[PDB]
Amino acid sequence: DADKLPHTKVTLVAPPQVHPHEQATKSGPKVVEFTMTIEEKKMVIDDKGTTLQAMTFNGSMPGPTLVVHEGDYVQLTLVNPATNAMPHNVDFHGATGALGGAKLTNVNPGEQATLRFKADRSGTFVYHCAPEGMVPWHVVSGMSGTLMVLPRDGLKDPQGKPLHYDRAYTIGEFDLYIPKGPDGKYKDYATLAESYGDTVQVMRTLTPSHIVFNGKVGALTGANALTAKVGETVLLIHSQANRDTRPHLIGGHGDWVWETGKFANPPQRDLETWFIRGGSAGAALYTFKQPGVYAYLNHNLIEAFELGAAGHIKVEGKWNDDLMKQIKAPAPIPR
């Protein structure tokens, strides 16, 4: 039992990376220790300077991804610094009991707490803040991320054959509800508490003002695009703690996808577009076969291109004419 098991300490990393870890392991169960510190801050979320009175685990939207193996215990120290204004907690969907841990992690500014639970189920699971009476506001303002519980012998296909990834990326998709004033301009609030009432009103319309990957329009574009090479297998972890989304890799596929995010279930293959239910994290593997700049996006194209739910993946390597060839380039229609 957990008091007799070896402990290990994991250092988290900022999205869209994921901290180093093993897939299949010869290691036995451990109590894996993590720490997160809550940061409330105002963030610029689009290219015209709109701000969000935001709330984060570890300073980022999403929070960092935590990786353990089935049968490990997650032991998180949750810190709420006195520089914050609101109480916070955490609800791990991967956990069993006490509202996912929320009941045992209620921290006011200047407080901290330590929760342990058993990661007895494999998969990608959302975690998110959930203070009594303020749940949706904390979630939509940025307080969510992914716990990935890998099977002890790695991922498996529907026939039980081994699957793997060579790199992993974590994408959180955030439906935002930014209020507007009488002039039709987005409101800028001096404090987090001042944004509340107006935000609730926008939330109740069910219409996001912005839907962003990793905290801002274009977060995963340009110098910040995801990268890969031909022949590399990428795992794309996609979390949406509040609202449905439908990920698609343009010019690629989901080779093996667990859209409900639970690795004891067989994956589906060859997907064009998959579905992440609001309140869950899903996972797709894809092995790149062509070089070039791919778009990874929500395939409600309005939500992607107008509202912000789209990123890029820049892939190195040799073009393959067997998979795709320009036979005749654009030219005048023969008369």
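A residue's number is simply how far along the shown sequence it sits, counting from 1.
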Looking only at C-alpha temperature factors in the entry, 96 to 104 or 252 to 260, the higher average sits in 96 to 104
When the Cα temperature factors in the entry are averaged, is it 238 to 246 or 182 to 190 that ends up higher? 182 to 190
Sorting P136, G145, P158, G222 by Cα temperature factor from the record, which one lands on top? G222
Say you rank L66, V31, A309, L271 by Cα B-factor from the PDB entry; which sits at the top? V31
Taking the entry's C-alpha B-factors for this chain, is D175 in the lowest, middle or highest third? lowest
Going by the entry, which third of its chain does the Cα temperature factor of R121 land in? middle
Place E303 in the lowest, middle or highest third of its chain's C-alpha B-factors, as listed in the PDB entry. lowest
Where the record places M203 (Cα B-factor, split into thirds across the chain): lowest
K229, C-alpha B-factor rank within chain (lowest, middle or highest third): highest
